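Asks: In order, the protein sequence lines correspond to chains B and A. If you read the first sequence in the entry's author numbering, its first letter stands for residue 272, the second for the next number, and so on. If you read the second sequence in the entry's author numbering, its first letter stands for residue 272, the second for the next number, and so on. Input: one structure, supplied below.
Protein chains: 2
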Amino acid sequence: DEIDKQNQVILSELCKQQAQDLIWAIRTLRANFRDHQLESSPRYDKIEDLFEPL
Amino acid sequence: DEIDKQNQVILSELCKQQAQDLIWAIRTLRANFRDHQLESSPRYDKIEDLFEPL
């Protein structure tokens with residue numbers, strides 16, 4: 272109901288996002304993506320190859 | 272005042288420490304101490320040698 276006004280309301284929930292310190296995030300990702308590995312189990316099949324380019 | 276009873280009271284503050292996951296902490300330290308380095312400034316003198324044996 273009142274579909275037009277939703278354009279504002281949805282936006283009012285999209286602007287409450289929390290900012291992320293880019294330097295901290297990238298340094299943490301670099302540190303914790305050098306040696307840490309996933310379990311080689313069928314539960315984790317085809318879930319590691321998504322991360323190698325990253 | 273009431274010097275003896277403080278043995279209990281002080282204990283009640285030393286027993287409130289937050290539990291720390293010794294796997295997460297050591298993995299974070301290992302990942303972050305591999306390459307991250309402090310500034311070589313007259314303010315951080317003799318502050319890097321303290322962290323080497325760790």
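No residue lacks a Cβ here, since even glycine has one placed at the ideal position from N, Cα and C.
#1: If the criterion is Cβ atoms closer than 8 Å, does the pair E323 (chain A) and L309 (chain A) meet it?
#2: Could you tell me whether any Cβ in chain A is nearer than 8 Å to the Cβ of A296 (chain B)?
#3: Assign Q291 (chain A) to one of three DSSP states: helix, strand, or coil.
#4: Taking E273 (chain A) as part of the alpha helix (DSSP H), name the residues at either end of that continuous run.
#5: Answer with buried or exposed for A302 (chain B), where buried requires no fewer than 16 other C-beta atoms within 10 angstroms of its C-beta.
#6: Answer yes or no: does any C-beta atom of chain B fall closer than 8 Å to that of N278 (chain A)?
#7: If you draw a straight line from the alpha carbon of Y315 (chain A) to that of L325 (chain B), how long is it in whole angstroms?
Replies: Answer, in terms of the structure:
#1: no
#2: no
#3: coil
#4: Segment: none, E273 (chain A) is in no alpha helix (DSSP H) and carries neither H nor E.
#5: Taking a 10 Å sphere around the C-beta of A302 (chain B), we find 16 or more other C-beta atoms and assign the residue as buried.
#6: Judged by the 8 Å Cβ criterion, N278 (chain A) is not in contact with chain B.
#7: Cα to Cα, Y315 (chain A) sits roughly 34 Å from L325 (chain B).
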